[PDB]
Structures are given as structure tokens and as C-alpha cells.
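Notes for the one structure printed next.
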Amino acid sequence: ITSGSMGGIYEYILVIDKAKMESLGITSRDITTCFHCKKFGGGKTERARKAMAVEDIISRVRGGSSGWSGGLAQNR
Amino acid sequence: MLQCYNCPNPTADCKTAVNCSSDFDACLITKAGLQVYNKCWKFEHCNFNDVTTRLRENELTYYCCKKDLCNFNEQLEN
């Protein structure tokens, strides 16, 4: 080594990403007729939901005491 | 009295025939893929929202009729 800085560093990163997607679809027919009277119906429906979250945090302290390096790593 | 097929569970050829209680005024059939349902029902309950929610089925066809024991499998071509 032939240069120096003596000091302390603190670094903190937080990323959060979330997504939600939902969809619903329906198609239907209803019928009635009379000639005796008669009634019919027929159809389909589909539904979907998804949800995602990621939370990533990194905190690091390079410095001067185990106690307060830990404390600062916890609670800025 | 109303008279319908009213099988206790989906049955591909429902034979269980009953006089319906006063709760019912129509005979429903539904075909729901593998399943077939024949029930004492009501023409007001013969609505796709009801049939779909109450059967918990995604794709189906259903028919309702007034005559005695009239709700039978060949009534639906599906």
C-alpha cells in the first residue's frame, strides 16, 4: 500500500418492487321462448389474480466500534 | 305441485324424481363439462350469475322448464 485515507464509511440501500395484475372476463347468453314456454342460458367466466413483492435492504458500516457500527447498521 | 328431477349430486342420467317443495317453481338442468345437474329450481334462479356462482363452474349450459319431470339430459345439447 502507498496511499491512505483513514475514516469511516456508512452505506445504505433499499429497493422495493411490487406488482399486481388482475383480470376477469365473462361472456353469456340467456334465451327464452314460447310456442309451453322454455328458458335456456349458457356462458363462461374466467378470473385471475397475481401479486408480487420484493424488499431488499443492505446496510454496512466500516468504522470505529462494534456497538455503534451495529447500532448504525440497524437504525440510521 | 311442481315435479322435477332433483338428484342429490351431479348425475349424468339423473333418475331421482320428486315433487318439489313450495320453494321451487321450475325444473333446472345444467351441463357443466363432466357434470350434469337436475334440480328443483326457480325461473328467477335460472340466471347465469346464479347458476355459475352456486355451481362454482367456469363453463356451462343450462335450461329451465315448467312441465313435470321435464329437466333431463337430452334437453341440453351443450
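Chain labels follow the order of the C-alpha cells: the first chain is A, the next B, and so on; residue numbering restarts at 1 in every chain, and ligands are counted from 1 in their shown order.
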Just want the 10 Å neighbourhood of stretch 36-38 of chain A, counted on only C-alpha atoms, with same-chain residues fewer than 5 positions away dropped. Output as an mmCIF file with C-alpha atoms, in the first residue's frame.
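Result went into out-v6.cif, see below:
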data_model
loop_
_atom_site.group_PDB
_atom_site.id
_atom_site.type_symbol
_atom_site.label_atom_id
_atom_site.label_comp_id
_atom_site.auth_asym_id
_atom_site.auth_seq_id
_atom_site.Cartn_x
_atom_site.Cartn_y
_atom_site.Cartn_z
ATOM 1 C CA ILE A 31 -82.802 -17.102 -24.024
ATOM 2 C CA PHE B 43 -87.164 -19.421 -13.194
ATOM 3 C CA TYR B 63 -82.087 -24.869 -19.314
ATOM 4 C CA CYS B 64 -85.286 -24.490 -17.306
ATOM 5 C CA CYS B 65 -88.760 -25.889 -17.906
ATOM 6 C CA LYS B 66 -92.137 -25.969 -16.178
ATOM 7 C CA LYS B 67 -93.544 -29.366 -17.157
#
Checklist entry - Among chain A, which ones does DSSP place in alpha helix (DSSP H), written as a list in words? => result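 Checking each residue of chain A, the alpha helix (DSSP H) ones are residues 66, 67, 68, 69, 70, 71, 72, 73 and 74 of chain A.
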Checklist entry - Quick one: which residues from chain A are at most 9 Å off chain B, using only C-alpha atoms, as a ChimeraX atom specification? => result /A:28-30,36-46
Checklist entry - Nearest to residue B:1 among B:13, B:74, B:68, B:44, with distances taken over only C-alpha atoms: which residue is it? => result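 Among the listed residues, B:68 lies closest to residue B:1.
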Checklist entry - Counting only C-alpha atoms, what is within 8 Å of stretch 16-19 of chain A, bar same-chain residues fewer than 3 positions away, as a list in words? => result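 Counting only the stated atoms, we get residues 51, 52, 53, 54, 55 and 56 of chain A.
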Expected file contents, prior selection, N, CA, C and O atoms, as a PDB file, in the first residue's frame:
ATOM      1  N   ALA A  51     -50.009 -11.323  -7.385  1.00  0.00           N
ATOM      2  CA  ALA A  51     -49.353 -10.249  -6.648  1.00  0.00           C
ATOM      3  C   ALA A  51     -47.909 -10.637  -6.355  1.00  0.00           C
ATOM      4  O   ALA A  51     -47.623 -11.794  -6.037  1.00  0.00           O
ATOM      5  N   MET A  52     -47.003  -9.661  -6.461  1.00  0.00           N
ATOM      6  CA  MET A  52     -45.577  -9.856  -6.234  1.00  0.00           C
ATOM      7  C   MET A  52     -45.070  -8.698  -5.384  1.00  0.00           C
ATOM      8  O   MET A  52     -45.425  -7.543  -5.641  1.00  0.00           O
ATOM      9  N   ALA A  53     -44.209  -8.999  -4.403  1.00  0.00           N
ATOM     10  CA  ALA A  53     -43.358  -8.004  -3.758  1.00  0.00           C
ATOM     11  C   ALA A  53     -41.963  -8.556  -3.491  1.00  0.00           C
ATOM     12  O   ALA A  53     -41.812  -9.713  -3.088  1.00  0.00           O
ATOM     13  N   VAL A  54     -40.947  -7.720  -3.713  1.00  0.00           N
ATOM     14  CA  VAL A  54     -39.598  -7.927  -3.192  1.00  0.00           C
ATOM     15  C   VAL A  54     -39.141  -6.667  -2.462  1.00  0.00           C
ATOM     16  O   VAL A  54     -39.290  -5.555  -2.980  1.00  0.00           O
ATOM     17  N   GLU A  55     -38.595  -6.846  -1.256  1.00  0.00           N
ATOM     18  CA  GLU A  55     -37.928  -5.793  -0.491  1.00  0.00           C
ATOM     19  C   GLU A  55     -36.520  -6.262  -0.150  1.00  0.00           C
ATOM     20  O   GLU A  55     -36.355  -7.283   0.524  1.00  0.00           O
ATOM     21  N   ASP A  56     -35.509  -5.525  -0.612  1.00  0.00           N
ATOM     22  CA  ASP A  56     -34.108  -5.838  -0.339  1.00  0.00           C
ATOM     23  C   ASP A  56     -33.406  -4.627   0.263  1.00  0.00           C
ATOM     24  O   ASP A  56     -33.418  -3.543  -0.331  1.00  0.00           O
TER      25      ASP A  56
END
Next on the checklist: Please extract the residues of chain A with a backbone DSSP assignment of strand (DSSP E or B) and present them as a PyMOL selection string.
Outcome noted: chain A and resi 9-34+37-62
Checklist entry - Expressed in Å to a single decimal, how great is the separation between atom CA of residue B:33 and atom CA of residue A:23? => result 23.3 Å
Checklist outcome for this item: The distance between atom CA of residue A:27 and atom CA of residue B:6 is 27.9 Å
Checklist entry - What does the distance between atom CA of residue A:59 and atom CA of residue A:72 come to in Å, to one decimal place? => result 8.6 Å
Next on the checklist: I'd like the neighbourhood of residue B:10 as a list in words, where a residue qualifies if any of its atoms comes within 7 Å (using only C-alpha atoms), though same-chain residues fewer than 5 positions away should be ignored.
Outcome noted: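 The residues that qualify are residues 35, 36 and 37 of chain B.
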Next on the checklist: I want to know what sits within 10 Å of residue A:76, based on only C-alpha atoms, with residues of the same chain fewer than 2 positions away left out; could you give that as a PyMOL selection string?
Outcome noted: chain A and resi 10+12+59+71-74
Next on the checklist: Neighbouring residues of residue B:15 were defined as those with any atom within 12 Å, considering only C-alpha atoms; residues of the same chain fewer than 5 positions away were excluded. Please report them as a list in words.
Outcome noted: residues 4, 5, 6, 7, 8, 9, 10, 36, 37, 38, 39, 69, 70, 71, 72 and 73 of chain B
Just to be explicit: take each residue in the selection above, keep N, CA, C and O atoms, and write the result as a short mmCIF file (atom, residue, chain, number, x, y, z; two decimals), in the first residue's frame.
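Produced file part11.cif, reproduced below:
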data_model
loop_
_atom_site.label_atom_id
_atom_site.label_comp_id
_atom_site.auth_asym_id
_atom_site.auth_seq_id
_atom_site.Cartn_x
_atom_site.Cartn_y
_atom_site.Cartn_z
N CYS B 4 -90.01 -32.54 -10.53
CA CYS B 4 -88.75 -32.39 -11.25
C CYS B 4 -87.85 -33.57 -10.93
O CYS B 4 -88.04 -34.27 -9.93
N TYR B 5 -86.83 -33.77 -11.76
CA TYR B 5 -85.65 -34.46 -11.28
C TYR B 5 -84.94 -33.59 -10.25
O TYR B 5 -84.84 -32.37 -10.41
N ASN B 6 -84.45 -34.22 -9.18
CA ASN B 6 -83.81 -33.50 -8.09
C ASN B 6 -82.77 -34.43 -7.45
O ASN B 6 -82.85 -34.80 -6.28
N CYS B 7 -81.77 -34.81 -8.24
CA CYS B 7 -80.72 -35.67 -7.72
C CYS B 7 -79.89 -34.96 -6.65
O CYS B 7 -79.66 -33.75 -6.72
N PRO B 8 -79.43 -35.70 -5.63
CA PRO B 8 -78.68 -35.06 -4.55
C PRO B 8 -77.31 -34.57 -4.98
O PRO B 8 -76.78 -33.64 -4.37
N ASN B 9 -76.73 -35.18 -6.02
CA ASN B 9 -75.41 -34.83 -6.51
C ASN B 9 -75.40 -34.96 -8.03
O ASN B 9 -76.19 -35.72 -8.59
N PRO B 10 -74.53 -34.22 -8.71
CA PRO B 10 -74.48 -34.29 -10.18
C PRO B 10 -74.40 -35.71 -10.71
O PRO B 10 -73.52 -36.49 -10.32
N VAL B 36 -73.42 -33.20 -14.72
CA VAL B 36 -74.79 -32.88 -15.09
C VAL B 36 -75.60 -32.72 -13.81
O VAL B 36 -75.47 -33.53 -12.88
N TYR B 37 -76.42 -31.68 -13.76
CA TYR B 37 -77.26 -31.35 -12.62
C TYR B 37 -78.71 -31.30 -13.06
O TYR B 37 -79.01 -30.71 -14.10
N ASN B 38 -79.59 -31.92 -12.29
CA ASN B 38 -81.03 -31.76 -12.47
C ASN B 38 -81.65 -31.46 -11.12
O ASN B 38 -81.53 -32.26 -10.19
N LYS B 39 -82.31 -30.31 -11.02
CA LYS B 39 -82.71 -29.75 -9.73
C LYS B 39 -84.12 -29.19 -9.81
O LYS B 39 -84.55 -28.70 -10.86
N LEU B 69 -91.23 -33.25 -14.43
CA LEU B 69 -90.04 -34.09 -14.60
C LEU B 69 -89.29 -33.77 -15.90
O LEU B 69 -88.54 -34.61 -16.40
N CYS B 70 -89.47 -32.56 -16.41
CA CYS B 70 -89.07 -32.18 -17.76
C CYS B 70 -87.57 -31.93 -17.93
O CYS B 70 -87.09 -31.91 -19.08
N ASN B 71 -86.82 -31.75 -16.85
CA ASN B 71 -85.39 -31.43 -16.88
C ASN B 71 -84.55 -32.70 -17.03
O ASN B 71 -84.15 -33.31 -16.04
N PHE B 72 -84.26 -33.10 -18.27
CA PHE B 72 -83.48 -34.31 -18.49
C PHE B 72 -82.39 -34.09 -19.53
O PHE B 72 -82.45 -33.18 -20.36
N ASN B 73 -81.38 -34.97 -19.45
CA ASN B 73 -80.07 -34.74 -20.06
C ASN B 73 -80.15 -34.28 -21.52
O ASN B 73 -79.49 -33.32 -21.92
#
Next on the checklist: Quick one: residues within 10 Å of residue A:49, only C-alpha atoms, excluding same-chain residues fewer than 2 positions away - as an MDAnalysis selection string?
Outcome noted: chainID A and resid 20:24 47 51
Next, dump the selected residues to file, keeping only N, CA, C and O atoms, as a PDB file, in the first residue's frame.
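Okay, selection.pdb is ready:
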ATOM      1  N   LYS A  20     -49.068  -5.894  -9.078  1.00  0.00           N
ATOM      2  CA  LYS A  20     -50.284  -6.695  -9.063  1.00  0.00           C
ATOM      3  C   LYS A  20     -50.894  -6.719 -10.455  1.00  0.00           C
ATOM      4  O   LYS A  20     -50.935  -5.693 -11.135  1.00  0.00           O
ATOM      5  N   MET A  21     -51.350  -7.892 -10.887  1.00  0.00           N
ATOM      6  CA  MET A  21     -52.185  -7.993 -12.078  1.00  0.00           C
ATOM      7  C   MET A  21     -53.446  -8.774 -11.745  1.00  0.00           C
ATOM      8  O   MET A  21     -53.375  -9.844 -11.136  1.00  0.00           O
ATOM      9  N   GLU A  22     -54.601  -8.245 -12.150  1.00  0.00           N
ATOM     10  CA  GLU A  22     -55.865  -8.969 -12.080  1.00  0.00           C
ATOM     11  C   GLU A  22     -56.614  -8.826 -13.396  1.00  0.00           C
ATOM     12  O   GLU A  22     -56.534  -7.793 -14.067  1.00  0.00           O
ATOM     13  N   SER A  23     -57.341  -9.880 -13.768  1.00  0.00           N
ATOM     14  CA  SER A  23     -58.312  -9.758 -14.846  1.00  0.00           C
ATOM     15  C   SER A  23     -59.510 -10.663 -14.599  1.00  0.00           C
ATOM     16  O   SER A  23     -59.399 -11.716 -13.967  1.00  0.00           O
ATOM     17  N   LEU A  24     -60.665 -10.216 -15.088  1.00  0.00           N
ATOM     18  CA  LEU A  24     -61.885 -11.011 -15.124  1.00  0.00           C
ATOM     19  C   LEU A  24     -62.538 -10.882 -16.495  1.00  0.00           C
ATOM     20  O   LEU A  24     -62.563  -9.797 -17.079  1.00  0.00           O
ATOM     21  N   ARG A  47     -61.365 -15.856 -14.288  1.00  0.00           N
ATOM     22  CA  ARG A  47     -60.793 -14.854 -13.395  1.00  0.00           C
ATOM     23  C   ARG A  47     -59.361 -15.243 -13.040  1.00  0.00           C
ATOM     24  O   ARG A  47     -59.052 -16.430 -12.900  1.00  0.00           O
ATOM     25  N   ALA A  51     -50.009 -11.323  -7.385  1.00  0.00           N
ATOM     26  CA  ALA A  51     -49.353 -10.249  -6.648  1.00  0.00           C
ATOM     27  C   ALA A  51     -47.909 -10.637  -6.355  1.00  0.00           C
ATOM     28  O   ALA A  51     -47.623 -11.794  -6.037  1.00  0.00           O
TER      29      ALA A  51
END
